[PDB]
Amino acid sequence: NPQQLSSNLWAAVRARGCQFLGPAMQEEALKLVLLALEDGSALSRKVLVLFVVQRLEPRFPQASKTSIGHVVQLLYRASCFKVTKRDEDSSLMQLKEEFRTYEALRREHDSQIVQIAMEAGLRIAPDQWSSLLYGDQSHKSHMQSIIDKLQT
C-alpha cells in the first residue's frame, strides 16, 4: 500500500531496536559517528551516543540519547564495529577499518535496513528505497545493488 508499506518498514525497524530519523538527520548522525570513530578512537556506546547527541540536539530536538542509541544499533546489527569487552565494565567500540568512510559505512547501514525489510517479508523496489532513505531518485541503482547482493 502506497504509504503503508512505508510505515510497516519503520515498524519492523523499531521492533528491532533500531531507528531511522529521515534522510537529512540520519545523514548527519552517521557523519558524526564517523567523526568520532574514523581516527580509530575507542568509545563506549554511552560516550559515542553523547558525542552525536550533543552536536545534533541543538539543530534537531527529536535527537535523544534514546533515538541516537537506536541509530547506533543499526550499525551494531550490521557488524560495523570492532568490540572490546572489558571485565566489570562496558565494552569499548571502534569502527572496523573497512568502514571508516561515509560511503562504506552508509552502504552497510542501508543494507541492514533492507535486510530487516526482507526478514519481515516486505517487497520494496529501488525507486521506493531511494525515496525512503535519501528523499530523491538519485540512489536507485545504489539500492538495487544492495538488494541483488543480499539474495545471491
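So that there is no doubt, residue numbering starts at 1 and follows the sequence shown. In this text, the rigid core denotes the largest set of C-alpha atoms whose superposition between the two forms falls within 1.5 Å.
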{"query": "Between 111 to 119 and 59 to 67, the one whose CA atoms sit farther away in 5 other deposited structures of this protein (rigid core aligned)", "finding": "59 to 67"}
{"query": "Higher C-alpha RMS shift from the shown form in 5 other deposited structures of this protein - 123 to 131 or 50 to 58, rigid core fit", "finding": "50 to 58"}
{"query": "Of 42 to 50 and 56 to 64, the one with larger mean CA B-factor", "finding": "56 to 64"}
{"query": "Between the two ranges 85 to 93 and 32 to 40, the one averaging a larger CA B factor in the entry", "finding": "85 to 93"}
{"query": "Chain third (lowest, middle, highest) by recorded CA B-factor, residue given as residue 13", "finding": "middle"}
{"query": "Third of the chain, ranked by Cα B-factor, where residue 110 sits", "finding": "lowest"}
{"query": "Chain-wide C-alpha B factor ranking for residue 70, given as lowest, middle or highest third", "finding": "lowest"}
